[PDB]
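Chemist: Can you look at this? It's an experimental structure, sequence on top.
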Protein chains: 4
Amino acid sequence: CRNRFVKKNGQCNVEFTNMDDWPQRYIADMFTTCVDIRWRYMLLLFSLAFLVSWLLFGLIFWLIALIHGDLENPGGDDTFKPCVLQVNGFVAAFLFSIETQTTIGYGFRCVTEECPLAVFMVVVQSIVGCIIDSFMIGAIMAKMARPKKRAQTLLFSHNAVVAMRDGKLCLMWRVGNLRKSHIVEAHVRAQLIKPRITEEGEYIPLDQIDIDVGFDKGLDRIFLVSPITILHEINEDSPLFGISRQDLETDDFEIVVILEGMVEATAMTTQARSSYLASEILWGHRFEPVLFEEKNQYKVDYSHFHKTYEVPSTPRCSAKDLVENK
Amino acid sequence: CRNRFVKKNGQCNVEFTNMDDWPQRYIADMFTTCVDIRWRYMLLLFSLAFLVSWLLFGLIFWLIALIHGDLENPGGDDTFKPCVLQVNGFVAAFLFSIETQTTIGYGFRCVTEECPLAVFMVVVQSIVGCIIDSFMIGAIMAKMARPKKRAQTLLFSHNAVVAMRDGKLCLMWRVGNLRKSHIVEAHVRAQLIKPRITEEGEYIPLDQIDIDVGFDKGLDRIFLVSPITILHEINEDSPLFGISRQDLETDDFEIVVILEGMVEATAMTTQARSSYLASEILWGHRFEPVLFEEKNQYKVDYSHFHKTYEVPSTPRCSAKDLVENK
Amino acid sequence: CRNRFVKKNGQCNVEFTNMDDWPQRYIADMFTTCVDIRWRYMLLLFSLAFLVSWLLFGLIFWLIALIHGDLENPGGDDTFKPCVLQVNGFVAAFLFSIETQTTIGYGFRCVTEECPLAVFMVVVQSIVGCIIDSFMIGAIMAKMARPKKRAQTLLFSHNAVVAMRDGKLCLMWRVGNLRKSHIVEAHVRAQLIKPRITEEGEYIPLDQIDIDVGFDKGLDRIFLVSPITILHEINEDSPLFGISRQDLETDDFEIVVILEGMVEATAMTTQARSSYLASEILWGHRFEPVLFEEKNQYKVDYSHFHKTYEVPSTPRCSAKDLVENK
Amino acid sequence: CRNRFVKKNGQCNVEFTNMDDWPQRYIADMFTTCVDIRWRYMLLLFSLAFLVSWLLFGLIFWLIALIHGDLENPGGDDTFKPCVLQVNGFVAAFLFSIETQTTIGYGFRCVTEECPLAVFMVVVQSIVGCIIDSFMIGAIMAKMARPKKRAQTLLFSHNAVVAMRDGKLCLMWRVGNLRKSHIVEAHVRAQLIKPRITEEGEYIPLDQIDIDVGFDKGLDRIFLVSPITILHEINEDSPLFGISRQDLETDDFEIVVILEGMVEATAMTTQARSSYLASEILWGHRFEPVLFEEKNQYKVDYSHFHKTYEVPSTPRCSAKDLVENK
Ligand SMILES: [K+]
Ligand SMILES: [K+]
Ligand SMILES: [K+]
Ligand SMILES: [K+]
Ligand SMILES: [K+]
Ligand SMILES: [K+]
Ligand SMILES: [K+]
Ligand SMILES: [K+]
C-alpha cells in the first residue's frame, strides 16, 4: 500500500531536494524565511542584532575616548570635558552604547557638548535603535499572528463514509469548529490523489483530481456553526463513479480534504487540511448526530463527532452500476 | 415552536461540550485564544508578564549584590565598587529591574563596569523587555482592529417579507450601512434552517439549505450605499417553492441572512449576521422607501428602514401553485 | 436632469439621517470610528489620553508626598527619605508622572524604596503607559495604511463610449494604473442607476442593475498593466439592449464603474470608483491608443488616456434593432 | 520579432509618461509611495524627520534659555533656577531635545518646575515623538512584510510545451513552491498577448485574451505541494484552436502566466508572474517527472523541474485540423 501524500494532522509529506539556488531565493524572501523559523532562532537572531550594534557603537565610543584621552580623566574637571562623561574602560563604553540604544540612559555615563563626533554617534545610534526595534516588533507580531495555528481548533472526522442521501450515493466527511469565534468566508475543497498513466502513456506520479463538493452553485461555501457533514455526490462526472464497496476495500488511493477560511479576529485566511486513505473510508456508514436541542439553546456533544454507525441497507455496487441497472 | 439557531443580533446560539482535548488545542492556537478573551484579562495577563520578569530580574540582581556584599556599601567608595550602584534592599533591586526593563532608567540605581554578570543581566533583560513589549503591542493592536465590531454599524431589517416583483414571488430582507465608509467586496448569503429526515430515514438535526440570492451571475455581490433590499426569487429550485401564506403562518423554520464584506480602512473581512423565524416573515408586505432626492444630493431617512406596508393584491398561494395553475 | 448617485471622483453622494441610535453603535465600533476621523482629531484624542494619565498620576504622586510630608524636605537627609525624591510642587509631581510614563526618566525626580504605594504607582503607570502607547501605534499604523488612498493612483476615463467591436455593440470605459506597483486580484464591476416602477407598481428610488463585463467566464478579472478598455457587450440580456443613440441623448440614467484590487505592498483591497451620466457617454466613439512600442520596451503616453475619436460608421440604432433587422 | 510585455522573471516591461498630475496623486497616496521606495530612502526620510524635530525643539529650548538668561548660570543656585538644568550652548539644547524625544533622558540636562513653557514643550515633544516613532514602525513593518517578495520562492518552468493528454491537445507550463510553507487559496491564470485589428478596423496595441485553465469548474484553483503542470486544453473556444506546430515556429505572440496565492504566515496575497514567447514553447514535448516515492515519504528532485523530453508521436496540425478531420 502506497504511503500518504498528506498526513491526518494536515501535514504534507514531501521532501524537496536539488533546489540548489535556494539560499539566494530565501535571502531575497528574507521575511518569509525569518517568520517561519523557530521562535528561539528568530529571537536570538534579533539578540545578535542588538549585541552587534551595541558592541559596534561601544567600540566607536571607546575609540573616541581613548583618542580624546578621556580614559585618564573620565569625569572631567575645570578646563577638561570629555566626549562622554564616565567612559573609562571598554565595559563602560559598551554600557554607554547599551544605555543609549536601548534608551535606558541611566545617566552616570553621559554624552557632552564637547565632541560633535560623540554627538553624531548618539544621533546615528538612536535612529539605528528605532530601526532594529521596528524590525523586531514586525517580526514578532507577524510570527505571533500566523493563522495556520488556527487549524488546531478546526477538526476533521477521522473517517470518511459512503452512504445514501436523498436518492444519491455520497462520500461524506465531517468538519467542525472548536471555538465560538467564527471562520469567515469559510469554504471547502477535496481531491483524489493516485498516480496514473494517460492514454498517451504519460506517467503522472501523483495526479490531483477534483472532488466536486458544490463549487458550481457556491455550495462549497459553508456557514460552520455546529459540525457540517460535507457531501460529494458520486455521479457520472465523479472519479468514484464506477467504484463499488469491493473496489474500495482493495483499492489504493488517497482523498485530501481542505477547509479554508478567515480567522475572525484577524481576517487572515487559515488552511485546515486532512486526508483519507481508501482504507479509512467506511462504506455503508453514517455519522452519529452531535447537535441536540435544549430549553433555550442547542448544544453540540463533541464525543460523538467521529463516531459512525452502519447502515446495512446501503447499496454495495458503484453509483454507475446503480444507474446502468435502473 | 423550535428555538432559534442564531439570534437577531447575529449571535449564534449553540453550546459546545465534550471537547475534552481543547486546552492543548487552545494553547497551540494561543494567539487566537488570547485576542478573543476580555480586555481586562488580556491586559492583566500582560501585566503578570511584566511583574514576573520584574520580580525575576530584581531577584537575580538582589542575589548578585547580596553575594558581592553591596548591601553593606551600596554607593561604593575609593577601593570598592558594587555591581549596581544603590541596590541596598530587595525593593531597591526590584526598582532597578523595573527601571531597566521599562527603560525608564532614573539612574540613582545604576549598573557598573564591575561585575559582568550584572552587565549580562542588563543585556538579557533589555532584550526580554523588547520581546514582551512586542507581544503586547501585537496583542493589543490585533484585539483593537477586530472587524467583527464593524457589524454594529451594519443593519438588517427586523422582518423579511414576501411579495411580487417583476412577475416573480420573492423573499426580501433589507440591509444597510450606518457609516459613510464603505464595505468593500460586499456580498450576501442566506440559508433555511430546519431539521429534516431523508428518504433513507436519516435525521439531520439542523440541515442548512441554500437560499439563492444571485450567486450564479454574481448578483449576490452588492454595492451597498443606500439600503438594498435583497431578493430571493422563490421558484422551482427554491426550498420555499411550495410554501404558501397559510403554510408559513403555521410553519416552523428559520432563515439566516449573512452579509460579508471588508471594512474599508483595514480591508479585513467582517461577517454581519441576522435571522428570521417563519413567524417574523410578513407575507404580502413591502418596505417603505428610505432614499429620496434633494437639490444637490440624495438622502436616506433611517426611520423608515424597518417599516413595511401591506400589499393586499399579493397572491396567497405558493409560487408552485402560482405556476401549476398558469 | 436627476443628480448623480456617485461623483466622478468616486465619492458617493448620499446623506444619512434619523440614524438616532448611532453614537452607541459608533462607540461599540470605536476603532472603525477612530481611524476614519481626521488625523488632527485622532492625534489630539491620543494627546488627551496622555495628558489625562499624566495629570492623574501626577496628582496621585503629589497626594502621596503632600501626606508623607515630602513637600517640606524633598531631597531627604539622614533619617528621612521621601516616597519620590524631589517632588516639591505639583509641577514637580506632573514632571515625575510624565518622566515615568514616557519612560524618559531624567532622574532628578526619582522613586525610592520607602513607600510601596509610590512603587505600586510606578508599576501601574508603566503598564498603563505601554497600553496607551500600543493603542496609539495601532491607530496610527491603521490610519496610515488605508488602501482607499490607493484609488488616487488609479484612473478612470472621463467618458464612456459606445462603438462596435468584433461584430457586437459595446459600452466601453477605460481604466489604468498610475504606479509601477500592481493591483493584485484586480477585477471590475458596473451598474445602471435609475429609478423604476415595477409591474406590481412598486417604486424603487434607485435600483441598481448589473452591467455584465465578463463575470461568468471570469473575464471581469483583469491584469492591468497598461490601460485596459473595459467592454460591456450590449445584448439581449443587457439593460441597454433597446437603447439607441437617440434615446441616450435624451435619456436619464447613471452608470457606475468599480475597480477592486489589492494594493501590492499590503495586499489590502482598495475600491476605486467613478461614474458616467447618460450625458457623458459618447455614442460612436473610440479611445485613442496610449500603448506604443520602443526598441527594448513598450510605453504608455498618458496624455491620450481620456481622448476619444469619432467613428461615423457606427450604427445609431439600438443593439435590439440591430438584431430584429438582421 | 516583437519585444516582450513581461519578462521571464515576472517584471513588466512598460514605461509610463505624461502622467503629469502624478506628484499630487503620489502625495495623496503617500504611504503607497513611501513603502515602495528603496529602503535607504525610506530610512533616511525617517532620519530627516528625527533631525528636523530634534533641531526644532533644540532651537525652541535654546531660545527659552537664552531669554531666561540660563546660558549664564546653567546649573542654577539658591535664588535662581533655570527652565532646563544645564543647557548652556545650542549643542546642549540639541542634546536635551534628542534626550527627551528619544526618551533616552540621561538627566544631566533636565527640565525643571520653573518655566511652564519649558514644561509644555517637553509635553508636546513627547507626543510628537510617539507620533513619529509610530509612523516609522508602521512604514518599516509594512515594507518588511511585502508579499511580492514571496514570488522569489515560487518557480515557473522556463518553457511551455504542447502535447497530448487524455485525447486533447494542451498547452502546459509548470509551477512549483520552493518552501515548505504553503500558498493558500492558490489559483492560476493565463493570457495571450498580441496586437490585433478588429473587423471594424480598430487597432489594439496589445489585446489580452484569456487562456482558460479551468476557471469554470474552479479547476484554476490549485493545491500546490509538489510541482503541478498546468493545462490549457486547446479547443474550439481557445485562441490557439487553429494553431499548428508550423504556425507557432513562425508566429509572433506572448503567453503570460500568473499564480496568485496567500503567503501562509501573513495571509497576504502574492502575485507570481512569468511569460512565454511563441519561440519558448516546445511543440511535441513533456516535462520530466520530479516527484518520486520513498519508504516513508515522497520527494521532489528540483533538477528535473525545467527539463522536457520529446514525444515524436504528437500531432503537428492544429487542434482544429485534428477535429475537422476526425
Ligand atoms: K529612559
Ligand atoms: K533615563
Ligand atoms: K476572494
Ligand atoms: K526610555
Ligand atoms: K536618567
Ligand atoms: K457558472
Ligand atoms: K520605547
Ligand atoms: K497588519
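Modeler: Nice, I can see it. Numbers count the residues shown, from 1 in each chain, chains lettered A, B, ... in the order given. Ligands and ions are numbered 1, 2, ... in the order given.

Chemist: partner residues bridging residue A:196?
Modeler: Judged by DSSP bridges, the bridge partners of residue A:196 are residue A:204.

Chemist: check contacts around the residue of the stretch 1-150 of chain A found nearest ligand 5.
Modeler: Nearest residue of the stretch 1-150 of chain A to ligand 5, counting by C-beta to the ion: residue A:107, 3.7 Å away. Just so you know, the C-beta spots here come from the backbone N, C-alpha and C atoms, and that holds for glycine as well. Taking C-beta atoms under 8 Å, 6 or more residues apart in numbering or on different chains as the definition of contact, the neighbours of residue A:107 are B:105, B:107, B:110, C:106-107, D:105-108.

Chemist: what do you get if the cut-off is 7 Å, keeping everything else the same?
Modeler: If you count contacts by C-beta atoms under 7 Å, 6 or more residues apart in numbering or on different chains, residue A:107 has them with B:107, C:107, D:106-108.

Chemist: One more: residue A:151?
Modeler: Residue A:151 makes contacts with A:10, A:270, A:272, as judged by C-beta under 7 Å, 6+ apart.

Chemist: same deal with residue A:297?
Modeler: With contact set as C-beta under 7 Å, 6+ apart, residue A:297 has these partners: B:3, B:13-15.

Chemist: run the last query once more with 6 Å
Modeler: Counting by C-beta atoms under 6 Å, 6 or more residues apart in numbering or on different chains, residue A:297 makes contact with B:13, B:15.

Chemist: Can you tell me which residue is spatially central in chain A?
Modeler: What sits nearest the mean C-alpha location of chain A, by C-alpha atoms, centre = their mean, is residue A:148, with 2.9 Å.

Chemist: Kindly tell me how buried the residue lying closest to that residue once chain neighbours are set aside is, as a neighbour count.
Modeler: Once flanking residues are discounted, residue A:148 sits nearest to residue D:264: 5.8 Å by C-beta to C-beta, 6 or more residues apart in numbering or on different chains. By the measure other C-beta atoms under 10 Å in any protein chain shown, the count of residues near residue D:264 is 24.

Chemist: Relative to residue D:59, how far out is residue D:264?
Modeler: From residue D:264 across to residue D:59, the span is 50 Å (C-beta to C-beta, to the nearest Å).

Chemist: again, but for residue A:112
Modeler: Relative to residue D:59, residue A:112 is positioned 20 Å away (criterion: C-beta to C-beta).

Chemist: So those two - more neighbours on which side?
Modeler: Using other C-beta under 10 Å as the criterion, residue A:112 and residue D:59 rank with residue A:112 on top: 19 against 14.

Chemist: so who does residue A:232 touch?
Modeler: Listed by C-beta under 6 Å, 6+ apart, the contact partners of residue A:232 are A:171, A:211, A:213.

Chemist: Kindly indicate which of these lies nearest chain C.
Modeler: Comparing these against chain C with C-beta to the nearest C-beta places residue A:213 closest, at 20.1 Å.

Chemist: phi, psi of that closest one?
Modeler: The phi/psi pair for residue A:213 (degrees, to the nearest 10) reads phi -130, psi 30.

Chemist: That one - how many residues pack around it?
Modeler: Count around residue A:213 with other C-beta under 10 Å applied: 20.

Chemist: for residue A:132, same thing?
Modeler: Counted with other C-beta under 10 Å, the neighbours of residue A:132 add up to 18.

Chemist: Tell me the spatial nearest neighbour of it, not counting adjacent residues.
Modeler: Across the structure, with C-beta to C-beta, 6+ apart as the measure, the residue nearest residue A:132 apart from its sequence neighbours is residue A:49 (5.4 Å).

Chemist: Near ligand 4, which residues of chain A? Just list them.
Modeler: Where proximity means C-beta under 5 Å from the ion, the interface of chain A facing ligand 4 comprises residue A:103.

Chemist: Report the closest residue of chain A relative to ligand 4.
Modeler: Using C-beta to the ion, residue A:103 is the residue of chain A that sits closest to ligand 4, at 3.9 Å.

Chemist: which non-adjacent residue is nearest that residue?
Modeler: Leaving aside its chain neighbours, residue A:103 sits nearest to residue D:104 (4.7 Å; criterion: C-beta to C-beta, 6+ apart).

Chemist: C-terminal to whichever strand or helix holds residue A:143, what's the next element?
Modeler: The secondary structure element spanning residue A:143 is helix A:116-145 (assigned by DSSP states H and E). On the C-terminal side of helix A:116-145, the closest following helix or strand by DSSP H and E is strand A:154-156.

Chemist: unless I'm mixing things up, the residue of chain A closest to ligand 4 is touching residue D:101, no?
Modeler: No: taking contact to mean C-beta atoms under 6 Å, the distance of 10.4 Å between residue A:103 and residue D:101 leaves them out of contact.

Chemist: which parts of the stretch 101-250 of chain A sit against chain C?
Modeler: For the stretch 101-250 of chain A, the residues in contact with chain C under the definition C-beta under 6 Å from any C-beta of the partner chain are residue A:107.

Chemist: Show me what from the stretch 151-300 of chain A comes close to chain D.
Modeler: Contact residues (C-beta under 6 Å from any C-beta) of the stretch 151-300 of chain A with chain D: A:198, A:200, A:205-206, A:215, A:260, A:268-269, A:271.

Chemist: Output these as TSV; include the columns secondary structure, neighbour count and distance to chain B.
Modeler: Below are those laid out as TSV (DSSP: H, G, I helix; E, B strand; the rest coil; neighbours: other C-beta atoms under 10 Å in any protein chain shown; distance: C-beta to the nearest C-beta, whole Å):
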residue	secondary structure	neighbour count	distance to chain B
A:198	coil	15	33
A:200	coil	15	36
A:205	strand	14	33
A:206	strand	20	29
A:215	helix	18	11
A:260	strand	20	13
A:268	strand	23	8
A:269	strand	26	9
A:271	strand	24	14
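
Chemist: what two of those are the furthest from one another?
Modeler: With distance counted by C-beta to C-beta, no two of those lie farther apart than A:200 and A:268, which are 42.5 Å apart.

Chemist: got a list of what residue A:145 touches?
Modeler: Shown here is residue A:145, whose contacts under the criterion C-beta under 6 Å, 6+ apart are residue A:266.

Chemist: how about 10 Å then?
Modeler: Residue A:145 makes contact with A:35, A:263, A:265-266, A:268, B:31-32, B:35, B:138-139, B:141-142, D:265-267 under the criterion C-beta atoms under 10 Å, 6 or more residues apart in numbering or on different chains.

Chemist: helix, strand or coil for residue A:180?
Modeler: The assignment at residue A:180 comes out as coil when based on DSSP: H, G, I helix; E, B strand; the rest coil.

Chemist: As a check, name the ranges of all strands in the stretch 151-300 of chain A.
Modeler: Using DSSP state E, counting those that start in this stretch, the strands of the stretch 151-300 of chain A run over residues A:154-156, A:160-165, A:168-177, A:183-197, A:203-210, A:228-233, A:254-263, A:268-277, A:281-283, A:285-287, A:291-293, A:298-301.

Chemist: Now do the second one and strand B:203-210, the angle between them.
Modeler: For strand A:160-165 and strand B:203-210, the angle between their directions (axes from the mean of the first three to the mean of the last three C-alpha atoms, to 10 degrees) works out to 80 degrees.
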